[PDB]
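1. Compute the structure for the input listed below.
(5 chains, ligands or ions: 3)
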Amino acid sequence: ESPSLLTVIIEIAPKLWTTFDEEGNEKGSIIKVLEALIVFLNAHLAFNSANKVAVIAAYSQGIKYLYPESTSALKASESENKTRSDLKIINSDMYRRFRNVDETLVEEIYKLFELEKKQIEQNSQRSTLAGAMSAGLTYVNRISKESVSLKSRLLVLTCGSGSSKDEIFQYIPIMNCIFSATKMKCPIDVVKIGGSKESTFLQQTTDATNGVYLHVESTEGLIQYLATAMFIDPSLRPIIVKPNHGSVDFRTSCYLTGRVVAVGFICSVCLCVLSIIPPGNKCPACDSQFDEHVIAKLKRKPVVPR
Amino acid sequence: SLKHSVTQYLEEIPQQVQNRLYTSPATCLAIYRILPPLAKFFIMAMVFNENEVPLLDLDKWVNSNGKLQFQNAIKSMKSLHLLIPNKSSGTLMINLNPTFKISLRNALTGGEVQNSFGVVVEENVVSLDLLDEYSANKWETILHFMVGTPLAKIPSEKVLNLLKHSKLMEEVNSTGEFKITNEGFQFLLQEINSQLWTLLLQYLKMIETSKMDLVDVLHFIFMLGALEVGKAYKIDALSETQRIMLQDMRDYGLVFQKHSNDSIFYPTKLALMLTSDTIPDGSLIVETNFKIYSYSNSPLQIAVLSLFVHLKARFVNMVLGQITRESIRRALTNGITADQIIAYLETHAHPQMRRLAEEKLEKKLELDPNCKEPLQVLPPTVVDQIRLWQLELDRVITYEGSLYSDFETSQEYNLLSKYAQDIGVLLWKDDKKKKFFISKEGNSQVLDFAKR
Amino acid sequence: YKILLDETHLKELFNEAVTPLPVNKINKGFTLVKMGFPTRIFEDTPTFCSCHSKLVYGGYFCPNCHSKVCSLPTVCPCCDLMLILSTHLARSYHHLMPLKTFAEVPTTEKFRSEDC
Amino acid sequence: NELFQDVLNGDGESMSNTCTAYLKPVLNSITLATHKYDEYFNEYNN
Amino acid sequence: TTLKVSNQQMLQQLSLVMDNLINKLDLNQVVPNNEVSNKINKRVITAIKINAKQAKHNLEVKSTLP
Ligand SMILES: [Zn+2]
Ligand SMILES: [Zn+2]
Ligand SMILES: [Zn+2]
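-> Numbers count the residues shown, from 1 in each chain, chains lettered A, B, ... in the order given. Ligands and ions are numbered 1, 2, ... in the order given. I have put the structure below:
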């Protein structure tokens, strides 16, 4: 009926994928997930005539756009599109609507891999995934305002591989993406490949935006996971149930300790979550000097007769 | 309409013909688009897995808010022969059509396509300068032929025989003119993609010869939908049957082959327009005094305006016309009903009557909030005049047939009258007058009832 | 004290009236606030919520006293605990991190890229 | 407990499960409160 | 709170991915072996059953009690 937009956020990190390769019994798992993504994009473009596809990778040294290709294509030596430098990666008897998009994205994949190999000497401690789906929502709104309507949806191809834990800098931008996606009613679908069973922030992202979370552990047969569950278009979202069996608690980590929080305290100025009363009677975040009376009232003992 | 029309056409296709039709990946990809999105989702979920899935899993997949949509999709896919229902272990096991599944997987995974999508020869021009106006000219040729305006270029005899065998476009050669039916202006109601669809379903209803099969026609039209405009394609993949329809729609203008028997055929923009869609021209202005001010410059819009509006003048912007009684009589003698003309006026109304219409609806709701009225974009005076003209066309109505009278016994009259009423051919009856009339179509049935 | 000018400026007054007002420097209400994080209980049996005494299938069990409520963010009507979600404080983080305005580049200087 | 055993012999256990499960969470909450009261009482005793 | 790998094998894994991209990707290799498909389908259907049983039932609702 109404066409949609399939925006996809790919998490490419050499350390994460290679630790998945080492933990797994196979090498070259990203080729498998790449071709699974390609046939997913072909399935999405087969779903409707007018639906569109965006794919964005979040590499170590930043983010780059994979489809649609950057507008520097000028039918020149640096065009890098269509028959210009058309290196034979996929077969030429493909459907041309599929052929153009798949060939362009795999050329951009190889170009990103060349650029990341050229900067293999520097190891980034910062993950660019949160800014990646931030720009994904930005392009979603670009398509929504340019084309009048059209639905939209996000897919997240993330990987933990038991090496990267749940980071602290990935708290605020993820919920900014959650509220933005809730504003444009864009579902957020997340599949996590790796040994780490639970990713709490992404679980809340799927739950709060009417999306689906599915953690996976084997690179084989992932298109069953994708085209079985990740294909719920926004046209039929309310009439299809979700396989998101994992139940998230919508909790948070404490600031000065880091553990998952229970009934506790916050600063009434900087509003960070504290499992216990911080030392020095001052905030660890905004250095707000606290009244001794109120923390005496919170340190006050409950009463029972002798 | 469009999706329902092609679905009902492909319902008429036999199951073995449908299974032979599912061979090419282009046909499977085209019919995949014609499924409902719930049906499309379930089919593509069933595509990649060789194991067969019970119907209870698909039923549990759907929320209770879309149970009716799920049942409608099940009806559509069962009628489309895409499911093999299997009875095993007390369960109605469901299996996808294997040829359809294989061809669709090849269309997705880049498998065997047997050049169903054509081949590019990398010699091509821009569509706007050569292809687009050729397609527009070839479409407007048959349009301006069928509306009846004189032309210097007339189409080929094939489309003439197609229109003659069609329900619309009744023809007479002893008079020297081509009569437009109601179905003709009904064809002019919808937008050109569904016009092309109705044209091609009438074509397939026409072509029953041994010279042409069916699966090749469907393959060719679905790959024409699959082709892209601005790149030529080689004629070698088509069969000689598909080549003679390549010539046939080259005459139509769906495809531009620059010369006959050439090896390069250029798809026109109508080929992509056929699959799915995407102040305007033809936006008209009507007043209380039946005046016509049309923001139109295409000859086809004002040509079809000429059938029911007495045109007085034509600017580079306007076509000065007036809704006279005689123009409406010209419309109604063609079978063109008044409500369809009213709908045409509503769809082609200028946005200024739209803003004044929402203004007067705001006045109506602020004056009488207890009742709501539909948005009359055009004033009801002209609509009432058109309805009065329609009614005065048929002030008396003349139903022809036969009448039985002269019954000496009331029981014979009553039995014949109730027999006529039961078969729904009686128009009047009374035992006092001892007469009852039956229609012309019901004459022979009652005559053989009385003879036996 | 704001006075509107036209129809749209009134909605402007509302949507900058939704913003949190900056507090003065002399205001010292720098306190800690005790509140807990309830968990969404899941049950096919409807149960009496502590706020309304009505049968609600869902609910949020209070971490302090294990009492269910209908909506969040609401106080717990058993132990007076401000039951919340991470989403409710999440909606309020962004005021504490206001984005600096994006400075449009000069047209004379060499642009970084052709696309955004 | 009186209401639990009144529907035990009143409706003959066919409704007693529903009556127990309906009032289960508030019973658990007040049981937790009494447990905390007794725990603090023993804490002051110790 | 409630594996470190070096750049050499990064480079060899990168080269393996790049020449595996260069030579061929058969897109039909994503089709399961009809065995893992059954297990993953069972997982998906069980998750669907659990979510549908929970979300089947969710003004107060009518009760069987008088
Ligand atoms: Zn603070
Ligand atoms: Zn309540
Ligand atoms: Zn409580």
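
2. from here on, contacts and neighbour counts on C-alpha atoms
-> Fine.

3. Up against chain B, what does chain E have?
-> Where chain E comes near chain B, counting by Cα under 8 Å from any Cα of the partner chain, the residues are E:26, E:27, E:28, E:31, E:32, E:34, E:37, E:38, E:45, E:48, E:49, E:52.

4. what's the closest of the residues you listed to residue B:208?
-> residue E:28 (39.2 Å; Cα to Cα).

5. Give the buried residues for stretch A:122-141.
-> A:127-137, A:140-141 (16 or more other Cα atoms under 10 Å in any protein chain shown).

6. what residues does it touch?
-> Applying Cα atoms under 8 Å, 6 or more residues apart in numbering or on different chains, the contact partners of stretch A:122-141 are A:5, A:7-9, A:11, A:56-63, A:152, A:154, A:170, A:173-174, A:176-177, A:180-181, A:184.

7. Which single one of the buried residues of stretch A:122-141 is nearest to ligand 1?
-> Nearest to ligand 1 among the buried residues of stretch A:122-141: residue A:130, at 24.7 Å, using Cα to the ion.

8. ok, residue B:313 - contacts?
-> B:319, B:320, B:321.

9. ok so, going back, any of the contacts of stretch A:122-141 buried? List them.
-> Buried among these by 16+ other Cα under 10 Å: A:5, A:7-9, A:11, A:56-61, A:63, A:152, A:154, A:170, A:173-174, A:176-177, A:180-181, A:184.

10. Of these, which belong to strands?
-> In this view, the buried ones among the contacts of stretch A:122-141 that belong to strands under DSSP state E are A:5, A:7, A:8, A:9, A:56, A:57, A:58, A:59, A:63, A:154.

11. Closest one of the residues you listed to residue D:4?
-> Using Cα to Cα, those come closest to residue D:4 at residue A:154, 50.6 Å.

12. helices and strands around the longest helix seen in chain E, which ones?
-> Ranked by number of residues, the top helix in chain E under DSSP state H is helix E:36-55. With contacts defined as 3 or more Cα pairs under 8 Å, 6 or more residues apart in numbering or on different chains; DSSP states H and E, helix E:36-55 has these neighbours: helix A:222-229, helix B:55-61.

13. looking at the ones you listed, which is buried most?
-> When the helices and strands packed on helix E:36-55 are scored by mean count of other Cα atoms under 10 Å in any protein chain shown, the highest mean neighbour count falls to helix A:222-229 (a mean of 23).

14. what's the following helix or strand after that one?
-> Sequence order places strand A:264-267 as the next helix or strand after helix A:222-229, per DSSP states H and E.

15. From the centroid of chain E, which residue is nearest?
-> residue E:40 (8.1 Å; Cα atoms, centre = their mean).

16. where's the residue in chain B that chain E sits nearest to relative to ligand 3, distance?
-> Per Cα to the nearest Cα, residue B:109 is where chain B lies closest to chain E, at 4.6 Å. Distance, residue B:109 to ligand 3, using Cα to the ion, to the nearest Å: 56 Å.

17. With only the CA atoms kept, save the longest helix seen in chain D in PDB.
-> If you go by DSSP H, chain D has its longest helix at helix D:24-45. The C-alpha coordinates for helix D:24-45 follow below in PDB (Å, rounded to 0.1, in the frame of the first residue of the first chain):
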ATOM      1  CA  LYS D  24      -1.800 -11.700  45.800                       C
ATOM      2  CA  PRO D  25       0.500  -8.600  45.000                       C
ATOM      3  CA  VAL D  26      -0.900  -6.400  47.800                       C
ATOM      4  CA  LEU D  27      -0.600  -9.400  50.200                       C
ATOM      5  CA  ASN D  28       3.000  -9.800  49.100                       C
ATOM      6  CA  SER D  29       3.600  -6.100  49.600                       C
ATOM      7  CA  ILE D  30       2.200  -6.000  53.100                       C
ATOM      8  CA  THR D  31       4.100  -9.300  53.900                       C
ATOM      9  CA  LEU D  32       7.300  -7.500  52.800                       C
ATOM     10  CA  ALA D  33       6.400  -4.600  55.000                       C
ATOM     11  CA  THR D  34       5.800  -6.800  58.000                       C
ATOM     12  CA  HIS D  35       9.000  -8.700  57.200                       C
ATOM     13  CA  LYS D  36      10.900  -5.400  57.200                       C
ATOM     14  CA  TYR D  37       9.200  -4.300  60.500                       C
ATOM     15  CA  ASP D  38      10.300  -7.600  62.100                       C
ATOM     16  CA  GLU D  39      13.800  -7.400  60.600                       C
ATOM     17  CA  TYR D  40      14.300  -3.900  62.000                       C
ATOM     18  CA  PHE D  41      12.800  -5.000  65.400                       C
ATOM     19  CA  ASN D  42      15.300  -7.900  65.500                       C
ATOM     20  CA  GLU D  43      18.100  -5.500  64.400                       C
ATOM     21  CA  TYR D  44      17.400  -3.200  67.300                       C
ATOM     22  CA  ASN D  45      17.100  -6.300  69.500                       C
END
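
18. so what does it touch, helix or strand wise?
-> Counting contacts by 3+ Cα pairs under 8 Å, 6+ apart, helix D:24-45 packs against strand C:47-48.

19. when you scan the following helix or strand past the strand it packs on, is anything in it near ligand 2?
-> Later in the chain than strand C:47-48, the nearest helix or strand by DSSP H and E is strand C:55-56. No: remark: strand C:55-56 sits outside contact range of ligand 2, by Cα under 5 Å from the ion, the gap being at least 7.2 Å.

20. How far off centre is strand C:55-56?
-> On the basis of Cα atoms, centre = their mean, to the nearest Å, strand C:55-56 sits 26 Å off its chain's mean C-alpha point.

21. which strands and helices sit next to that strand?
-> The helices and strands touching strand C:55-56, judged by 3+ Cα pairs under 8 Å, 6+ apart, are strand C:47-48.

22. In terms of helices and strands, where is the closest residue to chain D within the stretch 1-150 of chain A?
-> Going by Cα to the nearest Cα, chain D is nearest to residue A:130 of the stretch 1-150 of chain A, at 39.4 Å. In the assignment (DSSP H and E), residue A:130 maps to helix A:129-146.

23. same question, residue A:148
-> Using DSSP H and E, residue A:148 falls within no helix or strand.

24. re earlier: name the nearest of the residues of chain E next to chain B relative to residue D:17.
-> residue E:52 (23.5 Å).

25. How about the closest one: what's its closest non-neighbour residue?
-> Nearest residue to residue E:52 in three dimensions, chain neighbours excluded: residue A:241, at 6.6 Å (Cα to Cα, 6 or more residues apart in numbering or on different chains).

26. hang on, that neighbour packs against residue B:64?
-> No: between residue A:241 and residue B:64 there is no contact under Cα atoms under 8 Å: 9.2 Å.

27. got the end-to-end distance for stretch A:58-71?
-> 19 Å (Cα to Cα, to the nearest Å).

28. meant to ask about stretch B:119-136
-> End-to-end for stretch B:119-136, by Cα to Cα: 25 Å.

29. in that stretch, what's buried?
-> Going by neighbour count (16+ other Cα under 10 Å), the buried part of stretch B:119-136 is B:119, B:127, B:131, B:132, B:134, B:135.

30. So the fifth one, which state does it fall into?
-> In terms of secondary structure, residue B:134 is helix; the call rests on DSSP: H, G, I helix; E, B strand; the rest coil.

31. Quick check: residues of the stretch 201-306 of chain A near chain E?
-> Close to chain E, as judged by Cα under 8 Å from any Cα, the stretch 201-306 of chain A has residues A:220-225, A:241-245, A:257-260.

32. Now the buried members of those.
-> Buried among those by 16+ other Cα under 10 Å: A:220, A:221, A:222, A:223, A:224, A:225, A:241, A:242, A:243, A:244, A:245.

33. Which members of these are the farthest-apart pair?
-> Maximum pairwise distance in these, criterion Cα to Cα, is 24.9 Å, between A:220 and A:241.

34. Over to residue A:53. Which of the three states is it?
-> Residue A:53 ends up strand, using three-state DSSP.

35. May I have the phi/psi pair for residue B:348?
-> When read as degrees, to the nearest 10, the backbone of residue B:348 gives phi -110, psi 20.

36. tell me the contacts of the residue in the stretch 101-250 of chain B positioned nearest to chain D?
-> Here the stretch 101-250 of chain B gets closest to chain D at one residue, residue B:101, 50.0 Å apart by Cα to the nearest Cα. Residue B:101 makes contacts with B:47, B:48, as judged by Cα under 8 Å, 6+ apart.
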